[PDB]
Protein chains: 4
Amino acid sequence: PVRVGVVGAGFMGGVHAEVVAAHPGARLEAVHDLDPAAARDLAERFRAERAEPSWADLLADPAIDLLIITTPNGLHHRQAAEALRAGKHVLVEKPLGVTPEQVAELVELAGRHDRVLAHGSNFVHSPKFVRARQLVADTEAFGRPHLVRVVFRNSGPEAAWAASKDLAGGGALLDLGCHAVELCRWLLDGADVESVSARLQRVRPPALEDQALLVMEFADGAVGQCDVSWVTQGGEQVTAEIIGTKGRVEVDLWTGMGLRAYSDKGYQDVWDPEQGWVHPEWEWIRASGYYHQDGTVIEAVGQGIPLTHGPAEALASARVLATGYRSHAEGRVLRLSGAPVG
Amino acid sequence: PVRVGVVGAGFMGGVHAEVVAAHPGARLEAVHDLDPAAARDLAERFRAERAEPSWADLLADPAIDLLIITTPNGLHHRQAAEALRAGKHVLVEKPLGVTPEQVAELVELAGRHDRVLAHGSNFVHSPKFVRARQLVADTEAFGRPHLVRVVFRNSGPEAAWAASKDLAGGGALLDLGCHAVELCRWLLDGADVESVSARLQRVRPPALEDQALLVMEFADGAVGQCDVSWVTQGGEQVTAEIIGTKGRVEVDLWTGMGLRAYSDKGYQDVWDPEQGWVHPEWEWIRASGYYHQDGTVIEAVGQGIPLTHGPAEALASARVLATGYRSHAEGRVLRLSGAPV
Amino acid sequence: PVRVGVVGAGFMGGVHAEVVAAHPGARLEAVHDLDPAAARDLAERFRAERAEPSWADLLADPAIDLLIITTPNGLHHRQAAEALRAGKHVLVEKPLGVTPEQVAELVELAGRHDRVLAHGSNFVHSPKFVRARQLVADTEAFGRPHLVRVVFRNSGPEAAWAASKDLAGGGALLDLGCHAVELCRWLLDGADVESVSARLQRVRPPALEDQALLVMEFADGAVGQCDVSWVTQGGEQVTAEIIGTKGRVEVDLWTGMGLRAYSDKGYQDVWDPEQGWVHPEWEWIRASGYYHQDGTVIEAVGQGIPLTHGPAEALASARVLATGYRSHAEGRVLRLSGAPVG
Amino acid sequence: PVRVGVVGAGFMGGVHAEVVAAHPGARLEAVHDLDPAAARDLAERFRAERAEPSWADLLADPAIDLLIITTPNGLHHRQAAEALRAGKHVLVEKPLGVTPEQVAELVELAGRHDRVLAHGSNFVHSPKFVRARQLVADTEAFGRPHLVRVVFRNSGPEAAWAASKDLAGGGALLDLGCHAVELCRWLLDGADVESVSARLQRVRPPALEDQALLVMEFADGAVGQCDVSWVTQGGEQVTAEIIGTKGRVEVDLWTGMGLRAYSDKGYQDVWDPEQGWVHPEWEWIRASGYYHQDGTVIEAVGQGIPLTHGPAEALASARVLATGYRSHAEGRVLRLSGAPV
Ligand SMILES: NC(=O)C1=CN([C@@H]2O[C@H](COP(=O)(O)OP(=O)(O)OC[C@H]3O[C@@H](n4cnc5c(N)ncnc54)[C@H](O)[C@@H]3O)[C@@H](O)[C@H]2O)C=CC1
Ligand SMILES: NC(=O)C1=CN([C@@H]2O[C@H](COP(=O)(O)OP(=O)(O)OC[C@H]3O[C@@H](n4cnc5c(N)ncnc54)[C@H](O)[C@@H]3O)[C@@H](O)[C@H]2O)C=CC1
Ligand SMILES: NC(=O)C1=CN([C@@H]2O[C@H](COP(=O)(O)OP(=O)(O)OC[C@H]3O[C@@H](n4cnc5c(N)ncnc54)[C@H](O)[C@@H]3O)[C@@H](O)[C@H]2O)C=CC1
Ligand SMILES: NC(=O)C1=CN([C@@H]2O[C@H](COP(=O)(O)OP(=O)(O)OC[C@H]3O[C@@H](n4cnc5c(N)ncnc54)[C@H](O)[C@@H]3O)[C@@H](O)[C@H]2O)C=CC1
Ligand SMILES: NC[C@H]1O[C@H](O[C@H]2[C@H](O)[C@@H](O[C@H]3O[C@H](CO)[C@@H](O)[C@H](O)[C@H]3O)[C@H](N)C[C@@H]2N)[C@H](N)[C@@H](O)[C@@H]1O
Ligand SMILES: NC[C@H]1O[C@H](O[C@H]2[C@H](O)[C@@H](O[C@H]3O[C@H](CO)[C@@H](O)[C@H](O)[C@H]3O)[C@H](N)C[C@@H]2N)[C@H](N)[C@@H](O)[C@@H]1O
C-alpha cells in the first residue's frame with residue numbers, strides 16, 4: 001500500500017488528501033504544513049496516520065513512499081528536489097517549476113534517483129476530456145485537426161501568495177496557461193510546437209498579468225489558442241473546442257454538468273455566483289481529473305507503471321510559456337529557441 | 001469479499017459485470033445465461049472466475065453470496081424467489097416484479113431467509129440526481145416543492161421479449177414509468193401518493209402501450225408527472241425538473257454531459273443518432289447510478305449495512321403503476337386502494 | 001388607413017399601441033381608460049390623435065374602425081358586444097370570453113353585424129412558433145405527430161384584478177391554459193379534441209388555482225399536455241415540444257433568444273431576475289407574435305381578408321377549458337359534451 | 001419614395017431585394033446582372049418594376065435613387081465609383097473595397113457627388129447585437145470592458161469567384177474578418193485600435209487563407225479577438241462575447257434561435273446540416289440586421305437622415321485587415337501605420 005505524505009494542507013492538500021483517503025491502494029500517512037494547526041486539521045478530516053511538523057523528519061521517515069506537494073508555486077522546485085534526493089516519489093501541483101530550467105533540473109533529478117516525478121495536469125486525466133481526445137483521434141469522423149482552443153477563466157486566485165511574483169512565479173499565463181497549453185498539445189496527441197505568440201494584459205489596477213492570449217503553431221499545420229483570465233466574473237469557465245477538416249468537438253466542464261437551479265437567496269452548497277440562476281456542480285473533483293491523475297501516480301509508484309502523461313510534458317509546456325512571455329515582451333512570433341520566425 | 005453471480009448476460013448483465021469487476025470489495029465469480037455462449041463471452045470480457053451453464057448448480061454453489069438478475073421481466077419473480085430460497089442475496093433489475101403482489105411476495109420471502117433484496121432503481125443513486133435532491137431539500141432557497149416532472153423517452157427496447165406481454169409484464173408505463181415514479185417520490189423525500197391518474201397510447205402499429213403520462217398527487221399538495229415513451233427518436237432522454245415556492249431545479253442526464261460533436265459520417269464509439277450533431281457520453285454507467293447502487297448492495301451484504309433505498313420503494317412504485325393502469329382503463333383519478341377520488 | 005381605438009391603457013394597451021403606431025396601414029386614433037390620466041399618458045407616448053374619456057362617445061364616433069380591448073378579463077364580453085353593436089371591428093385580449101357561451105354569443109354577434117372579431121392568441125402568430133409548425137407539418141421528416149406539450153409558467157399576474165374571480169373569470173388554467181390549449185391545437189393543424197383531463201392546484205396560501213395540468217386526447221391518436229403555472233420563480237417560461245413517429249421539434253421563447261449576461265448588480269433594462277446570470281430579451285414583442293397578430297387584424301379590417309386564425313378557435317379552446325374545470329371537479333376524463341369517457 | 005436598383009442577382013441580391021420589396025418607403029425598381037436570366041428571375045420573384053440588362057442604361061436611368069451592389073468583391077470598387085459618378089446613392093456589400101485606398105477613394109468620391117455611400121456591415125444593425133452593445137455599455141453592471149471576441153466560421157463560400165484572388169481580393173480574413181473587426185470595434189463604442197497581430201492558415205489543399213486569427217489592442221486597454229474560418233463543418237457560427245471588470249455578455253446568432261429539430265432524413269426548408277439534430281432558423285434575415293441596415297440607408301436617402309454607422313467605419317476596418325495581412329507576413333505585432341510595436 002503506497003504510503004503518502006501531503007505537503008501544504010490548504011485547498012489542494014485537501015483535494016489530494018480526499019482522493020488518497022479513498023484509494024484502496026494507498027494510505028494517507030502524513031500531513032505537513034508550515035502551519036502545524038492546518039496540518040493537524042487536515043490530518044483529522046481525512047484520517048491521516050499523523051501530522052508531521054518537521055520537513056526534515058518527514059523526508060527521513062522511510063515509511064513514506066510518496067509526497068504530494070501542494071504549496072505555493074515558488075516552493076515547488078526546492079521542495080521537490082529535496083524530496084527526490086531524500087528518496088521519495090513526488091507529485092507536484094502545477095506549475096511543476098516556475099521556469100523551463102527549474103523543470104529540467106527536476107526531471108534530471110528524478111531520473112538520477114530512479115523516482116517517479118509527476119505533475120498536476122489534472123485536466124488531461126478528466127474523463128470528459130479523455131473522450132474529447134478520442135473523438136478528435138477518430139480520423140474517419142473528424143478528419144485532420146486544424147484548430148484547438150482552450151479557455152480558462154476565473155475571477156482569480158484568492159491566496160495572498162498568488163499576488164507576489166516570488167511566491168507565484170508569474171501571473172495568469174503561468175497559472176492558467178500551463179493548463180491550457182498542456183491541453184491543446186495533448187488534445188492533438190502531443191503535437192510539436194513550431195512557434196508561439198502571446199499578448200498579456202493587466203486589467204486590475206496596480207504587476208502580474210491577469211489576462212492573456214497565447215497562440216501556438218503546430219508542425220502538422222494546426223493552430224492552438226489558449227485564452228486565460230483572472231478577471232472573468234460569473235463563475236469559472238473551462239472549455240475547449242477542436243475543429244478538423246470533417247468534424248468539430250466541444251467540451252464544457254463547469255456548465256456542462258446538466259444541472260441548473262434558481263433561487264433568490266442562494267443554495268447552501270453552491271459556490272458562486274450564489275443567487276439567481278446557477279449551474280451546480282456534481283463530483284467536481286472526479287470530473288476535473290484529480291481521481292484519475294492521482295490514481296495513475298499511485299499506480300506508477302505502487303508498481304513502476306510509467307506515467308501515461310509524464311513530466312517531459314511539463315518541460316514542453318514550460319518552454320511554450322517562457323516563449324510566450326518573451327513573445328509578449330518583443331511583440332513578435334517566436335520559435336521555442338527564442339528566435340523570431342519572420 | 002462478496003462473491004457475485006450475474007444471471008442473464010445481455011446488456012445489463014454486461015453493465016453490472018463491469019461494475020462488479022471494478023469493485024475492490026467484490027469478486028465476479030460467475031456468469032449464467034440460457035445461452036451458454038453469451039455467458040462465456042461475458043465471463044471472459046470481465047474476467048469472471050467461471051461461466052455457469054446450470055441454474056440449478058448456480059443456486060447450489062455455496063461460493064456465491066449474491067446474484068444479480070438481468071433476465072427478461074417475466075422471469076424476475078421466479079428467479080429471485082428460487083435464489084432467495086437457495087440462500088443467496090439478490091439484486092434484481094427493474095421491474096422487481098410485474099405486479100405489486102409479486103413484489104410483496106419477494107420482500108417477505110427475503111425476510112424469511114434473512115437476505116438482502118435490492119432492486120435496480122439506479123437513477124436514485126445517480127450522483128447528479130442525489131445533488132438535485134439536496135438542492136430541492138434546501139428549504140430556504142427552494143421553498144416548498146409543488147411540482148416534480150420526470151421525463152424518460154427512447155425509441156424503445158429492441159429485444160423481442162420486451163414486445164410480448166408475457167415476458168415483459170407490461171409496456172412503456174412499466175418499463176420506464178417505474179423509474180420515473182420512483183424518481184418523483186424520492187426527489188420529494190419519499191412523498192406519500194394520494195391519487196394516481198394516467199392515460200396510455202399505442203403509437204406504433206398492431207398491444208402494449210408505447211407511450212404514457214402518469215400523474216400523482218402527493219400528501220403535501222405537490223403534483224408529479226411521469227412522461228414516458230418508447231417512440232421518441234433522436235436519442236434517449238432522461239430529465240427531471242422540480243419547482244418550489246421559491247426555487248427551480250433541472251437535471252439532464254444525456255444532453256448534460258458537456259460534450260458535443262459533429263460529423264457527416266458518425267463517430268466510432270457513439271450510439272444514436274450517429275451522424276450530424278451528437279452528444280457523446282462520458283462515464284455513462286457511473287452518471288446513471290449503477291456504480292453507486294451496486295456499491296450500496298455490495299456494502300449491505302458485505303458489512304451488514306442496511307440499504308438506503310430498499311425494496312419497499314419498489315412495492316410503492318408498483319402500486320402506483322398498477323393504479324395507473326387501472327386509472328387509464330376507467331378514465332378516472334384513483335386512490336391507491338383503487339377507489340375513485 | 002385603419003383608425004384604431006385602444007380600450008384600457010395598461011400594459012397590453014401599451015403593447016398594442018406601440019404595434020399600431022408603427023403600422024403604416026393604421027392610425028392610433030384614440031385611447032380610452034376608466035382612468036383618464038392613464039389614457040392621456042398612453043395617448044402622448046404613442047402620439048395618438050386623442051384621449052377619449054367617454055366610452056359612449058368612443059362607440060358613437062364614426063371615425064373609429066377598430067377597437068382593441070385590453071381591459072380586465074371580466075369586462076371583455078360586455079365591452080366587445082357593445083362595441084360590435086356600435087358597428088366597430090374588435091380585437092379582444094385573451095381570454096376572449098370567460099365561458100364558452102360568452103364566446104359563442106360574441107361570434108354570433110360579430111357575424112350579425114358583419115364585423116371582424118379577433119382574439120389575442122398572439123403566440124399562434126409568433127414567427128418561431130410558425131416555423132415550428134411548418135416543421136411538424138413536414139411529413140417526410142417528422143412523420144405523424146403523437147405528442148405535443150406546451151409549458152407556460154411565471155410567477156403570476158401582478159394586477160389586483162387578476163386575483164378576484166369576478167374580474168379575472170378564472171385562475172391559471174384560464175389565464176395561461178388558453179394560450180397553451182390553443183398552441184397545442186394549432187401546432188397540430190387544428191386537431192379535433194376527443195377528451196379532456198385536468199387537475200388543478202392551489203399552491204399559494206388562502207381561491208383561484210395557481211397551477212394546472214390539462215391533457216387532451218386528439219382524434220388522430222395524439223396527446224396534448226398543457227402545463228401552466230403562476231408559481232414558478234426565475235423568469236417566465238414559454239416552451240413547446242412536439243414528437244412524431246420520425247421527428248422531434250422544440251421551441252423555446254424566453255431562453256431561446258441567444259443572449260446571456262452576468263452581473264452582480266443587475267442590468268438596467270432587464271426585467272427579472274435582475275442579478276446574476278440572465279437571459280436578456282431582444283424584440284420580445286415581435287418574437288411573441290404581437291406585430292404579426294395585430295398586422296393580420298389590421299389587414300382583415302383594412303380589406304376583408306378573413307383571419308388566418310379566427311374566433312371559432314377561441315370557442316374551441318374555451319370548451320376545452322370549461323371541460324378541464326369540470327374534469328378536475330369530477331376527477332374524470334371527459335368528452336367536450338361533458339360526459340365521462342369510461 | 002426611394003427607387004432602388006439591385007446590381008448582381010445572386011444570393012445577396014436576393015436578400016436585399018426581399019428587404020427592399022417589404023419596405024413601404026422604397027420601390028424595387030430594377031434588377032441587373034451580368035447574367036440577364038438571373039436578373040429576370042429575381043425581378044419576378046420580388047415584383048421589380050423591371051430587369052435591366054444594361055449597366056450603362058441602369059446608371060443613366062434618372063428614375064433610380066439608389067443602387068445596391070451585390071457583385072463579386074473585385075468589382076465593388078469600380079461599380080460603386082461609376083454609380084456615384086452617375087449620380088446614384090449606393091450601398092455596397094462587404095467588403096466595401098479590397099484595400100484601404102480603394103475604400104478611401106469611394107468615400108471621398110461620394111462626397112464630391114453629395115451621395116450617401118453605405119456598406120454592408122449588417123451585423124452592427126442586428127437587433128440582438130444592438131442589445132448586447134447596450135448591456136456592455138451599462139457601466140454599473142458590466143464595468144469596464146477588457147475583452148471582446150467575435151467568432152465567424154463556416155464551410156466557406158461556394159461561388160467560384162470567391163476562390164480567386166483577383167475577384168475576391170482576399171481569403172477568409174477579408175471575407176469574414178471584416179465583419180468580425182467591425183463588430184469588435186462597434187461593440188466597444190468605436191474603440192481606437194493601437195496594435196494588430198494576426199496569423200493565417202491554409203487548411204484546404206493547393207492560395208487564399210482559409211482560416212485566421214486576428215487580435216487587436218485597443219486604447220482603453222481592452223483586447224479584441226476575431227476568429228474566422230472557411231473550414232468549419234457543421235453549420236455557420238456567428239458569435240460574440242464581451243467581458244468586463246464586472247460583467248459578461250454572450251451573443252449567439254445561429255444556435256440561439258430557440259428552435260431545435262431532429263430527423264433521420266432532413267427537413268424541407270432547413271439548410272446544413274440536413275439530417276440529425278439541427279437548429280432551424282426563423283427570420284434569419286432580420287436577425288442578421290439586413291432589414292435594419294437597408295432601412296437606415298433608405299432613410300438616409302429618403303429623408304436626409306445621416307447614417308448611424310458610416311463608411312469611415314469600413315475604412316477603419318480595412319486598415320485593420322491590411323495591417324493584419326502585414327502582421328502575418330512579418331510575424332510581428334504592428335501599429336496601423338505599419339510600424340512595429
Ligand atoms: N490543478 C488545479 O486545479 C489547482 C492547483 N492549485 C495549485 O496548488 C498549489 C497550492 O495551491 P492552493 O490553492 O494554494 O492551497 P493554499 O494557499 O490553500 O495552501 C498553501 C498551504 O501550504 C502551506 N505552505 C506554504 N508554504 C509552505 C512551505 N514552504 N512548507 C510547507 N507548507 C507550506 C500553507 O500554510 C498552506 O497551508 C499551487 O501550486 C497552485 O497552483 C491550486 C488550485 C487548483
Ligand atoms: N437500469 C436500466 O436502466 C435498464 C434496465 N434494463 C433491465 O435489464 C433486464 C435485462 O434487460 P437487457 O439486458 O436489456 O435485455 P437483453 O435481451 O439485452 O438480455 C437478456 C438476457 O437473458 C437471457 N435469457 C433469456 N431467458 C433466460 C433464462 N431463462 N435464464 C437465464 N438467462 C436467460 C437472454 O438470452 C439475454 O442474454 C430487463 O429486466 C430490463 O428491465 C434494461 C435496460 C436499461
Ligand atoms: N397575450 C398576452 O400575452 C397578455 C394578455 N394580457 C391580457 O390583457 C388584458 C389586460 O391585461 P393587462 O396586464 O391588464 O393591463 P392592466 O391591468 O395593466 O390594465 C387594465 C387597464 O384597463 C383599465 N380598465 C379597467 N376596467 C376598465 C373599463 N371597464 N373600461 C375602460 N378601462 C378599464 C384600467 O384602468 C387599466 O388602465 C387582460 O385581459 C389580460 O389577460 C395581459 C398580459 C399579456
Ligand atoms: N452580408 C453578408 O453576410 C454576406 C455578404 N456577401 C457578399 O455579397 C456579395 C455577393 O455575394 P453572393 O451574392 O454570395 O455571390 P453570388 O455568386 O451568389 O452572386 C453574385 C452575382 O453577380 C453576378 N455577376 C458577376 N459579374 C457581374 C458583373 N460584371 N455585372 C453584374 N453582375 C455580375 C454573378 O453572376 C452572380 O449572379 C459579395 O461581395 C459578398 O462579399 C455574401 C454572403 C453573405
Ligand atoms: N469558488 C469556487 C472555489 O474557487 C477556488 O477553487 C477552484 C480553483 O481555484 C480552480 O482552480 C483553477 O484556478 C486556480 C486559480 O486560478 C489555478 O491555480 C488552477 O490551476 C485552476 O484549475 C479549480 N479548477 C476549481 C476550484 N473549485 C477556491 N480555492 C475554492 O475554495 C472556492 O470554493
Ligand atoms: N417581468 C416582466 C414583465 O412581467 C409582466 O409582463 C409579461 C406578461 O405578464 C406576459 O404575459 C403572460 O402572463 C400573463 C400573466 O400571466 C398572461 O395573462 C398572458 O397571457 C401571458 O402571455 C408576457 N408574455 C411577457 C410580458 N413581459 C408585466 N406585465 C411586465 O410589466 C413586466 O415588466
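Atoms considered below: every heavy atom in the structure, side chains included; atoms not considered: hydrogens, waters and symmetry mates. Each chain gets a letter, A, B and so on, in the order the sequences are listed, and its residues count up from 1.
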Got a sec, which residues hit salt bridge (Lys or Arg N to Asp or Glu O under 4.0 Å) with D:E236, two or more places apart in sequence or on another chain?
-> none
Measuring from C:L28:CG to C:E18:CD, what's the distance to the nearest 0.5 Å?
-> 11.5 Å
Is the closest side-chain heavy-atom distance between D:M216 and D:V148 below 4.5 Å?
-> no
Taken to the nearest 0.5 Å, the spacing of D:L59 CG from D:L67 CG works out to 6.5 Å
Backbone N or O of C:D252 within a donor-acceptor pair of the C:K128 side chain at under 3.5 Å?
-> yes
Between D:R286 and C:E283, is any pair of side-chain heavy atoms under 4.5 Å apart?
-> yes
Heavy-atom pair with the smallest gap, counting every atom of D:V270 and D:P280 | CG2-CB, 4.0 Å
State whether the side chain of C:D65 and the backbone N or O of C:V2 hold a donor-acceptor pair below 3.5 Å, judged by distance alone.
-> no
C:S126 and C:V251: CA distance, side-chain angles, deciding distance, side chain to side chain contact (heavy atoms under 4.5 Å, CB included) verdict = CA-CA 11 Å; C:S126 178; C:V251 187; over 6 Å; no
Quick one: pull up CG in D:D57 and CD in D:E52 and give me the separation to the nearest 0.5 Å.
-> 5.0 Å
Atom CD of D:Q303: over 12 foreign heavy atoms under 6.0 Å | yes
List for me each residue that meets side chain to side chain contact (heavy atoms under 4.5 Å, CB included) alongside C:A63, sequence neighbours excluded, and say none if there are none.
-> C:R3, C:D61
Mind checking side chain to side chain contact (heavy atoms under 4.5 Å, CB included) for C:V130 and listing every partner two or more places apart, or none if nothing turns up?
-> C:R133, C:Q134, C:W186
Compare all side-chain heavy atoms of D:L117 with those of D:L96 and state whether any distance is below 4.5 angstrom.
-> yes
Find the distance between CZ (D:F152) and OG (D:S229) and round it off to the nearest 0.5 Å.
-> 11.5 Å
D:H77 and D:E105: CA distance, side-chain angles, deciding distance, side chain to side chain donor-acceptor pair (under 3.5 Å) verdict | CA-CA 9 Å; D:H77 178 236; D:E105 190 200 326; 3.0 Å; yes
CG (D:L253) and CG (C:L259) are apart, to the nearest 0.5 Å, by 10.5 Å
Between D:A172 and D:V228 the two heavy atoms that sit nearest each other are O-CG1, 3.2 Å
Among pairs that include at least one residue of residues 76-101 of chain D, which meet salt bridge (charged side-chain N to carboxylate O under 4.0 Å, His left out), considering only residues two or more places apart or in two chains?
-> D:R78-D:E82, D:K94-D:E182
Which pair of heavy atoms, one from D:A9 and one from D:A39, lies closest together, and at what distance?
-> CB-CA, 3.9 Å
Side-chain heavy atoms of C:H23 within contact of C:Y291, under 4.5 Å | no
Test log, rule side chain to side chain contact (heavy atoms under 4.5 Å, CB included), inputs D:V107 and D:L315 | CA-CA 9 Å; D:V107 169; D:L315 176 50; 5.5 Å; no
Taking the side chain from D:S54 and the backbone from D:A56, do they hold a donor-acceptor pair closer than 3.5 Å?
-> yes
Mark yes when over 12 heavy atoms from residues, nucleotides or ligands other than D:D189 sit less than 6.0 Å from its CG; otherwise mark no.
-> no
Interatomic spacing from CG in D:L208 to CG in D:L173 - rounded to 0.5 Å = 11.0 Å
Beyond-backbone contact of D:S155 with D:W230, side-chain heavy atoms, under 4.5 angstrom = no
Of the non-hydrogen atoms in D:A300 and D:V116, which two are nearest, and what is the gap between them?
-> CB-CG2, 4.1 Å
Quick one: does D:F129's side chain get under 4.5 Å of D:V238's, heavy atoms only?
-> yes
With a 4.0 Å cut-off, would you call D:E29 and D:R27 a salt bridge?
-> yes
Quickly, which of D:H309, D:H179, D:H292 forms a ring-ring contact (aromatic ring centres under 6.0 Å, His included) with D:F123? Name it, please.
-> D:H179
Should the ring pair C:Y267 and D:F142 be called parallel, tilted or perpendicular, given that the plane angle runs from 0 to 90° and is split at 30 and 60?
-> tilted
Considering all heavy atoms of both residues, which atom of D:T71 and which atom of D:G8 are nearest to each other, and what is their separation?
-> CG2-CA, 3.9 Å
Are D:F46 and D:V20 side-chain neighbours, meaning at least one heavy-atom pair lies under 4.5 Å?
-> no
Is there a donor-acceptor pair under 3.5 Å between the side chain of D:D166 and the backbone N or O of D:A168?
-> no
Taking side chain as C-beta onward, heavy atoms only, is D:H279 less than 4.5 Å from D:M257?
-> no
Minimal non-hydrogen separation, D:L84 against D:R115, with atom names = CD2-CB, 3.8 Å
Under the ring-ring contact (aromatic ring centres under 6.0 Å, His included) test, residues paired with D:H16 that sit two or more places apart | none
Check the pair D:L42, D:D33 against side chain to side chain contact (heavy atoms under 4.5 Å, CB included), reporting the backbone distance first and the verdict last.
-> CA-CA 10 Å; D:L42 185 62; D:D33 198 283; over 6 Å; no
What do the steps show when you test C:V15 against C:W284 for side chain to side chain contact (heavy atoms under 4.5 Å, CB included), and what is the final call?
-> CA-CA 11 Å; C:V15 165; C:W284 76 267; 4.0 Å; yes
Say whether, by atom type as modelled, one donor and one acceptor occur between the side chain of D:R131 and the main chain of C:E281 under 3.5 angstrom.
-> yes
The complete set of salt bridge (charged side-chain N to carboxylate O under 4.0 Å, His left out) pairs with one or both residues in residues 293-317 of chain D, sequence neighbours excluded, reads D:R185-D:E313
